[PDB]
Amino acid sequence: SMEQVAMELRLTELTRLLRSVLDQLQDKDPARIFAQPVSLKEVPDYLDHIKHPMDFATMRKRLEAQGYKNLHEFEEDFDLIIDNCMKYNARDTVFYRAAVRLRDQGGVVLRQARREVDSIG
Ligand SMILES: CCOC(=O)[C@H]1CCc2n[nH]cc2C1
């Protein structure tokens with residue numbers, strides 16, 4: 022139907038906007054601490070600690086499969102990256118501090134992203 026095409030056009034547009042948000046957020050991680058899944062080979066007990074792992078590469082895979090239906094779903098996954106890190110790692114580690122910084126700097130980006138999503142529809 023024509024509706025479903027228009028639908029898919031918007032979803033495709035959303036994906037385009039989210040790809041830009043994702044690139045902007047990942048730029049706030051120049052150390053690439055959050056770029057890839059936590060290695061289960063190098064951290065074999067990770068899943069005992071963290072029930073829903075997340076990372077930027079995994080977000081990107083879902084993004085290109087157009088698997089984010091709205092900004093909220095995208096934001097949930099970003100929050101997982103931060104929150105998982107701040108649980109597993111102690112307050113005085115480079116990892117925890119990198120998560121705090123990413124959350125603070127990412128807030129700016131996500132704030133305008135929400136406006137753009139509502140605005141454009
Ligand atoms: C690539 C080196 O960074 C890490 O290992 C940290 C990545 C973020 C994270 N979330 N939970 C545990 C960790 C560990």
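Numbering (the deposited numbering), first residue to last: 22 to 142. In this text, a Cβ means the ideal position worked out from N, Cα and C, and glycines have one as well.
Ranked by how close their Cα comes to the Cα of residue 66, the residues 109, 95, 52, 41 have 109 in first place. Residue 42 is classed as buried because its beta carbon has at least 16 other beta carbons within 10 Å across all chains shown. DSSP places residue 89 in the coil class of the three-state scheme, outside both helix and strand. Contact between residue 137 and residue 39 is ruled out by a C-beta separation of about 10 Å, above the 8 Å threshold.
Note on geometry: alpha-carbon atoms of residue 56 and residue 99 lie some 12 Å from one another. Exposure of residue 141 is indicated by the presence of fewer than 16 other C-beta atoms within 10 angstroms of its C-beta. Between the stretch 101-115 and the stretch 75-93 there are three or more inter-stretch CB-CB distances shorter than 8 Å, so the stretches are counted as touching.
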